[PDB]
Amino acid sequence: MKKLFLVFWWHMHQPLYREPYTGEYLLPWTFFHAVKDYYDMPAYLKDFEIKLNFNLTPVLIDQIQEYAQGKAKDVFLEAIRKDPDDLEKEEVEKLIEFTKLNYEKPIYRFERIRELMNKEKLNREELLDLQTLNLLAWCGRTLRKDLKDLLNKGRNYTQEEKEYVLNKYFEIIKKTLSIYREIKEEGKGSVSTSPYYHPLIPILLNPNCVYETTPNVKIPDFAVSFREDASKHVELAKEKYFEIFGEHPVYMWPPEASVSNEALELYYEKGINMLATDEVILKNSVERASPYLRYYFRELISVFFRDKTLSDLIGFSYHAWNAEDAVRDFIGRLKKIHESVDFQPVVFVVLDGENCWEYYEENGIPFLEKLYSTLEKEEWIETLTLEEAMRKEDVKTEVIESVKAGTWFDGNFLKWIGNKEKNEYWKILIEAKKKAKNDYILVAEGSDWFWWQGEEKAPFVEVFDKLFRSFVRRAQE
Ligand SMILES: C[C@H]1O[C@H](O[C@H]2[C@H](O)[C@@H](O)[C@@H](O[C@H]3[C@H](O)[C@@H](O)[C@@H](O)O[C@@H]3CO)O[C@@H]2CO)[C@H](O)[C@@H](O)[C@@H]1N[C@H]1C=C(CO)[C@@H](O)[C@H](O)[C@H]1O
């Protein structure tokens, strides 16, 4: 029978929140996503007979390991552990501000949270509830089953009960890297990596790549070559991947799907056999092309193009859907894809694996469990690992000679460079790399720092600015 090959590729990344001087983690997002998604996303493979593929950045692996060993000095987390009698007025404001930010998300829908947020002042026991419910709001699928009776209480938590939650959370973190090894060794999925600190590789090699799609943009003067650092990002990433999995990575996910002719050349030289990028890149690069086909880039590397609609549905749209209606729509589009082509199509669904579920009901567990079990019983859909997709003779293959440089955000680099606020950061980077002495200059090259520049007065913009400027200063010493 004709089949549709489905490839799931989840992207797990966190910037280095660790201040180089104090060694203090200024944001808790590595810890919260570790307990909520970084372990439970591949743990689905133990309960559903499908294939899921994952990408892990080396910077996230670095932070996961530090949290697992207990060495991470997370300032926000220490306030949670601290008995509310020891909490200072400043610390309590952070806890209330954190709750206010995530108050809207369905994973924060606790009746107790409504009372505490509306209360004018909080005593010790109310703070204990606020400390623990913030912890329990980020419970993953695995620990939601184990900590069920605690989560049904919903209030009146003791300090020891809180510490039990932290203890169970740190057991998950220590096991998080093990399951990624486990799924890769057992053949249930393929695990890939990215250049170390999630940098924009095409910009590092040739900053002129921005003019490929946005010709009239004004970028700062790049008086320095970042081309050698772009190899350092790739080379050190493969070395870190070797530490975890005992082998060099053959598959890589370019950060922000950003690709270029020169970027693909550098990936090929470093032993990368396959990567993926956005289908808006496909439309800019190839005349009349389909994303449902394996692509040979100049007979050097294999490239796959994600389905932007299918991926953006999971990451942005389905959060406001019932689990049944969401999966029914998702399968319905695949059936339309199945009928639309005379060949057997391969569909690449690639997106961030941790940031959409916060806005789903029950962290999207009903959505994922319904979709994963639905895909199991659909015979015409064959979930494939990245390695399986690369050796599959049933997928059509085409040869392309060039790509127009750009990210998955509108096919251009404007979200990271182009306006005064973003251009100013690159001038800071360019001048710092002129006097850079150590490798902390690599951390400052991450796309996240330039992501949050300008845009708006979003939460933690001051914190991200503080981290980037601290890394720039440390690189010059
Ligand atoms: C402020 C924001 O911080 C967190 O974000 C990090 C994500 O967890 C990571 O996935 C990573 O995102 C990058 C992706 O890897 C990449 O594929 C591309 O999408 O770019 C992303 C950013 O460059 O790194 C992020 C930090 O830079 C945290 O998880 C998230 O919850 C936080 N969001 C807050 C701000 C808003 C804006 O409305 C809302 O999401 C929430 O109210 C806040 O929690």
# chains A, B, ... in the order shown; residues from 1 in each chain; ligands from 1
$ closest_atom_pairs --of "segment 342-417 of chain A" --to "segment 317-333 of chain A" --cutoff "8 Å" --atoms "only C-alpha atoms" --output "JSON lines"
{"residue": "A:356", "atom": "CA", "partner": "A:319", "partner_atom": "CA", "distance": 7.3}
{"residue": "A:357", "atom": "CA", "partner": "A:319", "partner_atom": "CA", "distance": 7.4}
{"residue": "A:359", "atom": "CA", "partner": "A:319", "partner_atom": "CA", "distance": 5.9}
{"residue": "A:360", "atom": "CA", "partner": "A:319", "partner_atom": "CA", "distance": 4.6}
{"residue": "A:361", "atom": "CA", "partner": "A:319", "partner_atom": "CA", "distance": 7.5}
{"residue": "A:364", "atom": "CA", "partner": "A:319", "partner_atom": "CA", "distance": 7.6}
{"residue": "A:366", "atom": "CA", "partner": "A:323", "partner_atom": "CA", "distance": 5.8}
{"residue": "A:367", "atom": "CA", "partner": "A:323", "partner_atom": "CA", "distance": 4.4}
{"residue": "A:370", "atom": "CA", "partner": "A:323", "partner_atom": "CA", "distance": 6.6}
{"residue": "A:371", "atom": "CA", "partner": "A:327", "partner_atom": "CA", "distance": 5.4}
{"residue": "A:374", "atom": "CA", "partner": "A:327", "partner_atom": "CA", "distance": 7.8}
$ residues_around --residues "segment 67-75 of chain A" --least-positions-apart "3" --cutoff "6 Å" --atoms "only C-alpha atoms" --output "ChimeraX atom specification"
/A:24-25,64,78,173-174
$ closest_residue --among "A:403, A:136, A:458, A:472" --to "ligand 1" --atoms "only C-alpha atoms and all ligand atoms"
A:458
$ residues_near_ligand --ligand "ligand 1" --cutoff "6 Å" --atoms "only C-alpha atoms and all ligand atoms" --output "ChimeraX atom specification"
/A:13-15,29,101-102,256,352,355,447-448,451,459
$ select_by_dssp --residues "segment 178-405 of chain A" --states "strand (DSSP E)" --output "ChimeraX atom specification"
/A:191-193,274-277,294-297,301-305,346-352,381-383,397-400
$ atom_distance --atom1 "atom CA of residue 241 of chain A" --atom2 "atom CA of residue 185 of chain A"
14.1 Å
$ closest_atom_pairs --of "segment 401-452 of chain A" --to "segment 218-222 of chain A" --cutoff "7 Å" --atoms "only C-alpha atoms" --output "JSON lines"
{"residue": "A:417", "atom": "CA", "partner": "A:219", "partner_atom": "CA", "distance": 6.8}
{"residue": "A:418", "atom": "CA", "partner": "A:219", "partner_atom": "CA", "distance": 5.6}
{"residue": "A:423", "atom": "CA", "partner": "A:220", "partner_atom": "CA", "distance": 5.9}
{"residue": "A:427", "atom": "CA", "partner": "A:220", "partner_atom": "CA", "distance": 6.4}
{"residue": "A:430", "atom": "CA", "partner": "A:222", "partner_atom": "CA", "distance": 6.5}
$ residues_around --residues "residue 127 of chain A" --least-positions-apart "4" --cutoff "10 Å" --atoms "only C-alpha atoms" --output "list in words"
residues 80, 83, 84, 85, 87, 92, 95, 96, 116, 121, 122, 123, 131, 132, 133 and 157 of chain A
$ atom_distance --atom1 "atom CA of residue 298 of chain A" --atom2 "atom CA of residue 399 of chain A"
6.4 Å
$ residues_around --residues "residue 148 of chain A" --least-positions-apart "6" --cutoff "12 Å" --atoms "only C-alpha atoms" --output "PyMOL selection string"
chain A and resi 136+139-142+154+165
$ write_last_selection --atoms "N, CA, C and O atoms" --output "PDB file, in the first residue's frame"
ATOM      1  N   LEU A 136       4.498  22.640  41.179  1.00  0.00           N
ATOM      2  CA  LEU A 136       3.611  21.619  40.639  1.00  0.00           C
ATOM      3  C   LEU A 136       2.987  22.031  39.313  1.00  0.00           C
ATOM      4  O   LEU A 136       2.514  21.163  38.570  1.00  0.00           O
ATOM      5  N   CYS A 139       4.810  20.269  36.375  1.00  0.00           N
ATOM      6  CA  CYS A 139       4.958  18.822  36.437  1.00  0.00           C
ATOM      7  C   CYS A 139       4.801  18.197  35.054  1.00  0.00           C
ATOM      8  O   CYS A 139       3.883  18.538  34.300  1.00  0.00           O
ATOM      9  N   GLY A 140       5.704  17.266  34.728  1.00  0.00           N
ATOM     10  CA  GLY A 140       5.632  16.529  33.484  1.00  0.00           C
ATOM     11  C   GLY A 140       4.646  15.372  33.546  1.00  0.00           C
ATOM     12  O   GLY A 140       4.031  15.085  34.573  1.00  0.00           O
ATOM     13  N   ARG A 141       4.505  14.690  32.405  1.00  0.00           N
ATOM     14  CA  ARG A 141       3.552  13.586  32.316  1.00  0.00           C
ATOM     15  C   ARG A 141       3.894  12.468  33.293  1.00  0.00           C
ATOM     16  O   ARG A 141       3.002  11.902  33.935  1.00  0.00           O
ATOM     17  N   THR A 142       5.179  12.124  33.407  1.00  0.00           N
ATOM     18  CA  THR A 142       5.573  11.002  34.255  1.00  0.00           C
ATOM     19  C   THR A 142       5.260  11.279  35.718  1.00  0.00           C
ATOM     20  O   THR A 142       4.654  10.448  36.404  1.00  0.00           O
ATOM     21  N   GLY A 154      -4.143  20.355  46.160  1.00  0.00           N
ATOM     22  CA  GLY A 154      -4.324  21.677  45.603  1.00  0.00           C
ATOM     23  C   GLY A 154      -4.058  22.829  46.543  1.00  0.00           C
ATOM     24  O   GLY A 154      -4.158  23.984  46.113  1.00  0.00           O
ATOM     25  N   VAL A 165       8.572  17.323  46.344  1.00  0.00           N
ATOM     26  CA  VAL A 165       8.405  17.663  44.934  1.00  0.00           C
ATOM     27  C   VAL A 165       9.753  17.977  44.300  1.00  0.00           C
ATOM     28  O   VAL A 165      10.074  17.483  43.212  1.00  0.00           O
TER      29      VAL A 165
END
$ residues_around --residues "residue 303 of chain A" --least-positions-apart "4" --cutoff "10 Å" --atoms "only C-alpha atoms" --output "MDAnalysis selection string"
chainID A and resid 264 273:277 293:297 390 398:400
$ write_last_selection --atoms "N, CA and C atoms" --output "mmCIF file, in the first residue's frame"
data_model
loop_
_atom_site.group_PDB
_atom_site.id
_atom_site.type_symbol
_atom_site.label_atom_id
_atom_site.label_comp_id
_atom_site.auth_asym_id
_atom_site.auth_seq_id
_atom_site.Cartn_x
_atom_site.Cartn_y
_atom_site.Cartn_z
ATOM 1 N N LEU A 264 25.834 25.378 4.393
ATOM 2 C CA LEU A 264 25.725 23.968 4.042
ATOM 3 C C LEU A 264 27.082 23.380 3.681
ATOM 4 N N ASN A 273 25.724 14.649 7.745
ATOM 5 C CA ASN A 273 25.153 13.982 6.581
ATOM 6 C C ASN A 273 23.753 14.457 6.228
ATOM 7 N N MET A 274 23.055 15.116 7.147
ATOM 8 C CA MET A 274 21.701 15.564 6.862
ATOM 9 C C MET A 274 21.360 16.720 7.789
ATOM 10 N N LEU A 275 20.490 17.605 7.307
ATOM 11 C CA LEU A 275 19.912 18.657 8.129
ATOM 12 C C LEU A 275 18.540 18.999 7.563
ATOM 13 N N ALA A 276 17.860 19.938 8.218
ATOM 14 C CA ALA A 276 16.524 20.343 7.810
ATOM 15 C C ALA A 276 16.392 21.854 7.925
ATOM 16 N N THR A 277 15.449 22.406 7.166
ATOM 17 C CA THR A 277 15.184 23.837 7.186
ATOM 18 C C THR A 277 13.728 24.072 6.792
ATOM 19 N N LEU A 293 9.810 15.503 -0.186
ATOM 20 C CA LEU A 293 10.759 14.815 -1.040
ATOM 21 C C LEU A 293 12.158 15.008 -0.462
ATOM 22 N N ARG A 294 12.979 13.960 -0.514
ATOM 23 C CA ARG A 294 14.348 14.053 -0.020
ATOM 24 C C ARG A 294 15.199 14.828 -1.017
ATOM 25 N N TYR A 295 15.980 15.785 -0.522
ATOM 26 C CA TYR A 295 16.751 16.669 -1.385
ATOM 27 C C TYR A 295 18.241 16.447 -1.180
ATOM 28 N N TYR A 296 18.963 16.297 -2.287
ATOM 29 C CA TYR A 296 20.417 16.237 -2.291
ATOM 30 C C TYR A 296 20.949 17.623 -2.625
ATOM 31 N N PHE A 297 21.710 18.211 -1.707
ATOM 32 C CA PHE A 297 22.297 19.527 -1.943
ATOM 33 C C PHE A 297 23.655 19.334 -2.605
ATOM 34 N N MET A 390 16.598 8.519 6.130
ATOM 35 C CA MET A 390 17.730 8.736 5.241
ATOM 36 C C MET A 390 18.063 7.505 4.406
ATOM 37 N N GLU A 398 15.658 14.403 -5.053
ATOM 38 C CA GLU A 398 15.990 15.399 -6.061
ATOM 39 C C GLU A 398 17.294 16.088 -5.692
ATOM 40 N N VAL A 399 17.936 16.667 -6.704
ATOM 41 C CA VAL A 399 19.206 17.369 -6.549
ATOM 42 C C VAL A 399 18.968 18.856 -6.762
ATOM 43 N N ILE A 400 19.400 19.668 -5.799
ATOM 44 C CA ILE A 400 19.345 21.120 -5.902
ATOM 45 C C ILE A 400 20.754 21.655 -5.692
#
$ residues_around --residues "residue 412 of chain A" --least-positions-apart "6" --cutoff "12 Å" --atoms "only C-alpha atoms" --output "NGL selection string"
:A and (200 or 202-203 or 208-215 or 217 or 256-260 or 278 or 280-281 or 284 or 404-406 or 418)
